[PDB]
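Undergrad: whatever this is, show me its structure:
(2 chains, ligands or ions: 4)
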Protein chains: 2
Amino acid sequence: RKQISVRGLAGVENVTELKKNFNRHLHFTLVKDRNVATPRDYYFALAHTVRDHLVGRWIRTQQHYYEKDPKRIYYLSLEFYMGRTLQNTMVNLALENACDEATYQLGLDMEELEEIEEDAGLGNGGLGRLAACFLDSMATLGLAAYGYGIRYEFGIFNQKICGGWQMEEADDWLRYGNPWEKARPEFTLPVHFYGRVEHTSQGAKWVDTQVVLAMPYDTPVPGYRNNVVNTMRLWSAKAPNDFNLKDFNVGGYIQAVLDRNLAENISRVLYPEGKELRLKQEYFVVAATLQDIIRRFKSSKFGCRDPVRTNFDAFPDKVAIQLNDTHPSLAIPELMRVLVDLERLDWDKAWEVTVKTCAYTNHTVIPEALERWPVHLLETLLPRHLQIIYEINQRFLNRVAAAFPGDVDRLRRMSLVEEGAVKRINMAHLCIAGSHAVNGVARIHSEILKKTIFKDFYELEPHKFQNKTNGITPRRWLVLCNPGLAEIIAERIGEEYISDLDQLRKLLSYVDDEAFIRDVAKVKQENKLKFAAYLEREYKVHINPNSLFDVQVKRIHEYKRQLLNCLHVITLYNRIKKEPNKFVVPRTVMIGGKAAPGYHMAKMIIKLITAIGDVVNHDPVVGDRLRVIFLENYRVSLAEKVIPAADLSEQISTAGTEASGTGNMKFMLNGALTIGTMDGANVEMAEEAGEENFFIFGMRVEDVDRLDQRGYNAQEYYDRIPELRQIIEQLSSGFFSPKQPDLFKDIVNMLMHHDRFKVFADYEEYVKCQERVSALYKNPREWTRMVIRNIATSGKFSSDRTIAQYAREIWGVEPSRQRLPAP
Amino acid sequence: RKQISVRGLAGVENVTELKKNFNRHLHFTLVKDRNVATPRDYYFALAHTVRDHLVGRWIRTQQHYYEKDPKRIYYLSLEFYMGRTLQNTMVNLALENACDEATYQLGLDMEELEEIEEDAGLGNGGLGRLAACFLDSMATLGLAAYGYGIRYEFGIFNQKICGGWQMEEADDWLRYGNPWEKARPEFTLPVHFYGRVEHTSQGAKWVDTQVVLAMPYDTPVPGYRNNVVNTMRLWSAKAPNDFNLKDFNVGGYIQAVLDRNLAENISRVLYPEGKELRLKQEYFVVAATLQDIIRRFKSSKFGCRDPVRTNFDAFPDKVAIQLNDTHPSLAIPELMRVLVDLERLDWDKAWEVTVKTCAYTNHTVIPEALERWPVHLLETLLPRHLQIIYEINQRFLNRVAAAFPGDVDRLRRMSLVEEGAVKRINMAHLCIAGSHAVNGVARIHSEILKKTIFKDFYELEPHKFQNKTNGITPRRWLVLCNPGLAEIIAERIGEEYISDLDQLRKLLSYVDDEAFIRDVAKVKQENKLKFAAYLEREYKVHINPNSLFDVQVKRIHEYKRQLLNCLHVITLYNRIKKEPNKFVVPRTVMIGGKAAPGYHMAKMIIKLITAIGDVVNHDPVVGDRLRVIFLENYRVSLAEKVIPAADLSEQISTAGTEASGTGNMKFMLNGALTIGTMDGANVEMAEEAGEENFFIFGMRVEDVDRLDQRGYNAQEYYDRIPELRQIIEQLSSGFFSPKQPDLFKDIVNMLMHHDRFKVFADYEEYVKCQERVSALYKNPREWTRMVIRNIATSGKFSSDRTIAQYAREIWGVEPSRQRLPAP
Ligand SMILES: Nc1ncnc2c1ncn2[C@@H]1O[C@H](COP(=O)(O)O)[C@@H](O)[C@H]1O
Ligand SMILES: Nc1ncnc2c1ncn2[C@@H]1O[C@H](COP(=O)(O)O)[C@@H](O)[C@H]1O
Ligand SMILES: *Cc1c(COP(=O)(O)O)cnc(C)c1O
Ligand SMILES: *Cc1c(COP(=O)(O)O)cnc(C)c1O
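TA: Numbering: from 1, shown residues only, chains lettered A, B, ... in the order given. Ligands and ions are numbered 1, 2, ... in the order given. Coordinates below:
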């Protein structure tokens, strides 16, 4: 009977057993054959050849956690922007070299097959690109960690630039399956909605609820070469399917067609304000996921080690729930509904355990953006929960009162219930009330979380508030995407560095060396060529490989400032034009990002970018000195390509608007010099790299605050700054739009008359700051020289570090660089 | 690339290797582990170790067929009562033994695992077992045959008796997945619907349609020990899901949630009338299947052997289409459709092909059941197909007029358009006009086919009419469900009988060797014993293994006659009670059937046996001399159980009603005597066996037609017989009802006043025949020698015969029982 084991069925590295398991998977798993198989089959055969390995490990790893009994740290997040798992599972799992050999024999090119893979559409942006690094670093630093989210079938829309206009093409990545997940019908749990609270003798009962079924999908995550593979668990909604007659509800009328569908689309789609479905999604994921946690808590050796009712008395010791942005906050009242209505812990016992079990990483800098739901929305689909949210609140305000008697305005400033045109619930005030630690995500950002935005709460409980600066994984953002540059670097100092990133600091020691100079600039050369090429096979252009590579690949939005960036390109265009032969450096200026559907200004801004695009790039006198490029359907595996070929990172937001910034870091480590303003974490990048080593410019927060105070008038800059005057008049004449000259009319007025973000305010400095970079480009030695200084600096930006810190101050778990044994 | 082979994954009989592979599937496929695996997970581990051995073979067979390029025979049928695939994958592959040594060692009882598997809920009755049966033999006699039907998600209902009442529960057999099927998302086809035939220049176009997509699953089907595994490909309907934006349809209104849901349920469930669902199911599977059929055609080197059109002239030579019943009849206007509209064959050529290519099989005894669809549905949804059923009709009544110049009534009798209040297409007439073979399913059924229902069709084309007689398969129905009798038989005459069951005649030589006489009977007593255990362990009662186990397991219906069998179990009961003391040959009557949703009489007859039971079964005076049990939810996995264990075979239909009856044949092979009326398959069975070895009885057909001519006054029968007068007043005063006495009224009155099937006429001679049934039982030597004279004579009843008659006479290929190497 123990006879059934993991101990002999993967003979791992051998390029013989790898051909064996591939050919096995192609024929028997995939129930296909070489006379029929397409690239996509051979790719699936390869993904299972690498997947057999991963679950060897994963069964061992998990089983390990059941004996050792660690604190389980459950990351809740409604986005998980992973994006391709073949290559990453090969470099982390060691297997990279063997896979290339097996396919080489087999007559298949491995690289052909990895670009076959669809970006795991489970995330949309950085809140979920973050969560993803957090998942790989946690497992690398051997913590019994677990990511939890919803499965999205349709991800989040795909971008298509039709007519140089944005059409969101749909992304059902999943319509051929996913060789890395494993459905689990066996662990299908109810998520309840609507219903009615009866108050009954031993508390209450939440009766006549509608029910939707949550059904899980484990996908496993390897850690860099240490054999710990942990469990990402995504849920899917599947309706009750009694739908024909069961309950004698149907028959009468099949408006249950709508139960089936509405419920079924709690999994269908990631969002891109108020909606019963966003909130449906948010109750869904956290009900299900808490049902799981109570279950490994009750059984993981605790059906054994009960002493106290397999009690939650020891729940915060053993289990750790982390809230990523406000979207999971319903974990706080659900655990309080679960703990008191379902078991029976007295209210206080329950709360003690909630505040001890949770934490909340904040990603919002401006307070209008904190999630807040209508009480008539809460009281309709989550009735018991609104009761719980009202009682927590009450108790919080009694505690505020003991601590500040008579500051009556405090009581209403701090409440969970917000009065107004519509009485609301403020979800961040729920989390701070309900976690034992609140951390922001940037030096600067957690400061203002203390000083202005959460200050009353920071005054009532100063302990709670912490910092935990955002970082990249060195694996995906340094080795996968920048292989040779990982190489030349390891040469000089070891292999501990991809798992101990500030050792990059030893490269300091090479700043003047004309070897690591041509070295580093060689891998960058390689990189800019591979990327030179992709652009006219996937998509078509005419680069000049020599040129500056001005990259900005950010969510398209007003505060992010691709508008000033195009103003500079129009400036340059016209400068190359009026001075037809003037030696200036070249710059391939590429802006990439998806808009946000039915947001007119971001849809227009891309129209600007792909309007300049035709004009200047089909101007003769430009030739190859100026190039503008919109990167269509910019996503994680397009980051990995393009960040490698970056020279100049653009980081132009308005100061005070970014709460951190992760694409930022990614450019610094791949030897991409940042331009940018003093915001979010473009600041700590400066604290190590050195202010000189960084093109930090324009307004800081003070001057915007001071310009908001003295009234900002855009006309006044237009009338002084002379090439500005010129290019706005160009935009209105319909220079960049002969067929509808009128077309860009609203970008003009936006700027001219009503701009919140002060683009023109930082124009002036920007053209002269960008002139600093184009003296320096063409001082190639010193150019590279600052690029090395940059990389050695990168180290504090590894998720390794952030997890290690979340590990140490909040979670209460020590990191670990040990390799687990086995297969 | 040729290194991508089937060659090396073949440990086959190696128990060492089979255990290593159960293990790979539990840890790396199912991604589960011994700490957390359940019995189900162990079943699914085993379903996969074997599937390696199935699909390895299917790859070699399918390649084979394209290397050789055989005529391929397509069997479209809407029903495939597949019923449980593991032990039957194992015995046709010889792995039965090595799987139990490998699981013995791993500490898992194989029969346990075996009972975890759900029946393939792919069917409903006689017609779906016969399809699967033919299928198994199509494979053993080397036919390049495919099975094509509809994949029901939720089957047909599971039958559950509530207090005596049939409540239908549902059969979502697919609730945990199905290991044998691989879904083929890659091969999605559209089926068109509604739309509008727009006519132009060359020909017509069906424009503006609704499109549903048919998505296929493949399940390999293994022929006994010859290593040929063929294909059953079921289609699952799936709505296009651009419904969210595309078309611009939704946004305006998502009442399109209905398209999706009406589309989905072309597959959501089987039937149990003039439903557009029914008709959308029948058409679905036809449009879907003919696409793969012209696809394989145009591929299977018929690109190569084009010479003229990739000529559909040569199409019947490499294709065959079998319309098992009226249901795939749209296969004839649809093959025409593709051929004249899409290709551009002229009508006459195409008709030559659709006629040389289809072959109808009929299962009816009577005129009334023939499928007939109102023109207004064919015109609503299937507009182009209505126009071709009309030119086909139009041309046909010309051949008929030319050949019967002047008989007008024959033209209105052969018409494919039934006339009256509502205008129908008689879909059986279609099939005879497009097929080139029309065939019964028994000698007399085929006879009333050329003498009554289609005699004018028999007069216009005598050559098309055939007979082919149903058969069981000795692999499932003897080897698999009763290895015991199959062991005592295999020693005396050899294993060669399983592929050639007329070698069972040799058993006659041992009629008087008294070892076999007690061997045969040892097995039946062991069988009945095993099943008596089931009756106390999946549900319960108090059995007696020695009693005459009497069985009837047919659908519950008035003509199939279990109410006769009730009146006789209540005759017999009364007798144990007038004189308790007179020994009476004890019986355990078991009647089991699924009634039919919303058939009141059938719902009523079941509630009688679960009543007749409660009374006699509890009454002390009986002991265990007679008991009654209704078998809950008859289905192939129970038939494999109860048919082994039966003595009596209740084949009591009214004479003239039944056309063949596969059930009949299952009983004989498993050594059970038959009691029954001289209808359909009681005829040929009694003929190979001798009427002395059979318990034929009752109103012959002649007899019934006389009683009909004089008017069956049932009352007179009531008034001559006392033991009946007795049991009639019994029901009515409420003896078997008592809490609601009047409860059986509509049965008493049915019987007395409107019994279409003359249940009282066959009372007398039947209960007398049962008195001579119980005589023999009380003489086991001779009982078992009439059982030897029975088993030995089954031969004619293997489906390998029926299929051979079919390969050779209709499809036009010769069988092959040859071993194909593999793997
Ligand atoms: N009681 C247990 N003892 C050992 N390993 C276990 C146990 N329960 C679960 N596991 C392992 O942990 C994995 C995750 O378990 P679960 O927490 O049930 O999702 C399983 O796939 C097993 O590999
Ligand atoms: N042209 C071919 N040559 C060899 N094998 C083939 C060919 N076409 C199909 N097959 C095999 O037959 C199987 C079933 O083919 P199909 O008839 O397309 O369902 C495929 O999976 C292959 O294993
Ligand atoms: C890292 C990353 C980003 C980062 O955006 P920032 O605003 O720079 O933090 C965006 N998209 C993808 C796909 C990424 O991997
Ligand atoms: C063989 C079989 C039948 C056939 O029914 P008859 O009326 O006996 O021909 C019905 N149900 C099941 C489960 C069978 O296997």
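Undergrad: how deep is residue A:710 tucked in, by neighbour count?
TA: A count of nearby residues for residue A:710, using other C-beta atoms under 10 Å in any protein chain shown, gives 8. Every residue, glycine included, has its C-beta placed from N, CA and C.
Undergrad: relative to residue A:704, how far out is it?
TA: The gap separating residue A:710 from residue A:704 is 11 Å, by C-beta to C-beta, to the nearest Å.
Undergrad: need the contact partners of whichever strand or helix holds residue A:458.
TA: Of the helices and strands defined by DSSP states H and E, residue A:458 is found in helix A:455-460. Applying C-beta atoms under 8 Å, 6 or more residues apart in numbering or on different chains, the set of residues contacting helix A:455-460 from outside is A:399-400, A:403-404, A:410, A:413-414, A:429, A:432-433, A:438, A:449-451, A:464-465.
Undergrad: against residue B:10, how distant is the residue of the stretch 151-300 of chain A found nearest chain B?
TA: With C-beta to the nearest C-beta as the measure, the residue in the stretch 151-300 of chain A that lies nearest chain B is residue A:182; the distance is 4.5 Å. Using C-beta to C-beta, residue A:182 is found at 27 Å from residue B:10.
Undergrad: how about whichever residue of the stretch 701-823 of chain A sits closest to chain B, what does it touch?
TA: Ranked by C-beta to the nearest C-beta, the top residue of the stretch 701-823 of chain A for proximity to chain B is residue A:823, at 10.2 Å. When the contact criterion is C-beta under 8 Å, 6+ apart, the partners of residue A:823 are A:6, A:7, A:10, A:12, A:53, A:56, A:57, A:60, A:227.
Undergrad: try 6 Å this time
TA: Residues in contact with residue A:823 (C-beta atoms under 6 Å, 6 or more residues apart in numbering or on different chains) are A:10, A:56.
Undergrad: same question for residue A:252.
TA: The contact partners of residue A:252, taken as C-beta under 6 Å, 6+ apart, number zero.
Undergrad: same question for the one 10 residues further on.
TA: Contacts here follow C-beta under 6 Å, 6+ apart; on that basis residue A:262 touches nothing.
Undergrad: what about it, which helix or strand?
TA: Secondary structure from DSSP H and E places residue A:262 in helix A:256-264.
Undergrad: and the residue in chain A positioned nearest to ligand 1, how many neighbours?
TA: Evaluated by C-beta to the nearest ligand atom, chain A has residue A:62 as its residue closest to ligand 1, separated by 3.4 Å. Residues near residue A:62, counting by other C-beta under 10 Å, number 21.
Undergrad: cool, and residue A:339?
TA: The burial count assigned to residue A:339 is 25, neighbours taken as other C-beta under 10 Å.
Undergrad: do the same with residue A:543
TA: Counted with other C-beta under 10 Å, residue A:543 comes out at 21.
Undergrad: show the contacting residues for it.
TA: Contacts here follow C-beta under 6 Å, 6+ apart; on that basis residue A:543 touches A:532, A:588.
Undergrad: now do 8 Å
TA: Taking C-beta under 8 Å, 6+ apart as the criterion, residue A:543 is in contact with A:532, A:535, A:536, A:588, A:627.
Undergrad: over to residue A:23?
TA: Residue A:23 sits next to A:45, B:3, B:4, B:5, B:8, B:9 when contact means C-beta under 8 Å, 6+ apart.
Undergrad: recalculate using a threshold of 10 Å.
TA: Listed by C-beta atoms under 10 Å, 6 or more residues apart in numbering or on different chains, the contact set of residue A:23 reads A:34, A:45, A:49, A:102, A:106, B:3, B:4, B:5, B:6, B:7, B:8, B:9.
Undergrad: and the strand or helix carrying it, how far out from the chain middle?
TA: Take DSSP H and E as the rule and residue A:23 turns out to sit in helix A:17-24. Once both centres are worked out by C-alpha atoms, centre = their mean, to the nearest Å, helix A:17-24 turns out to sit 35 Å from its chain's centre.
Undergrad: and what of stretch A:715-722?
TA: In terms of C-alpha atoms, centre = their mean, the centre of stretch A:715-722 is set 39 Å apart from its chain centre.
Undergrad: which residues sit against it?
TA: Outside stretch A:715-722, the residues that reach it (C-beta under 10 Å, 6+ apart) are A:571, A:713, A:724-729, A:751-753, A:758-764, A:767.
Undergrad: which among those count as buried?
TA: Among the contacts of stretch A:715-722, those that count as buried by neighbour count (16 or more other C-beta atoms under 10 Å in any protein chain shown) are A:571, A:724, A:727, A:728, A:751, A:758, A:759, A:760, A:761, A:762, A:763, A:767.
Undergrad: let me know whether the first one touches residue A:724 as I believe.
TA: What that stands for is residue A:571. Yes: using C-beta atoms under 10 Å, residue A:571 is in contact with residue A:724, at 7.9 Å.
Undergrad: which residues do those two both contact?
TA: In contact with both residue A:571 and residue A:724: A:763, A:767, using C-beta under 10 Å, 6+ apart.
Undergrad: which residues touch the residue in the stretch 551-700 of chain A positioned nearest to ligand 2?
TA: Of the stretch 551-700 of chain A, the residue with the smallest distance to ligand 2, taken as C-beta to the nearest ligand atom, is residue A:637 at 30.7 Å. When contacts are counted by C-beta under 10 Å, 6+ apart, residue A:637 is found next to A:83, A:84, A:87, A:114, A:115, A:117, A:118, A:119, A:120, A:476, A:480, A:481.
Undergrad: in those residues, which residue is surrounded by the most others?
TA: Top of these by neighbour number is residue A:476, holding 27 neighbours under the definition other C-beta under 10 Å.
Undergrad: with adjacent residues omitted, what lies nearest to it?
TA: Closest residue to residue A:476 apart from its sequence neighbours, by C-beta to C-beta, 6 or more residues apart in numbering or on different chains: residue A:88 at 6.0 Å.
Undergrad: thinking again about what came up before, residue contacts, the residue nearest to the residue of the stretch 151-300 of chain A closest to chain B when sequence neighbours are not counted?
TA: Nearest in space to residue A:182, with sequence neighbours left out and distances taken as C-beta to C-beta, 6+ apart, is residue B:31 at 4.5 Å. Residue B:31 makes contact with A:51-52, A:54-55, A:58-59, A:181-184, A:218, A:220, B:25 under the criterion C-beta under 10 Å, 6+ apart.
Undergrad: alright, I will stop here.
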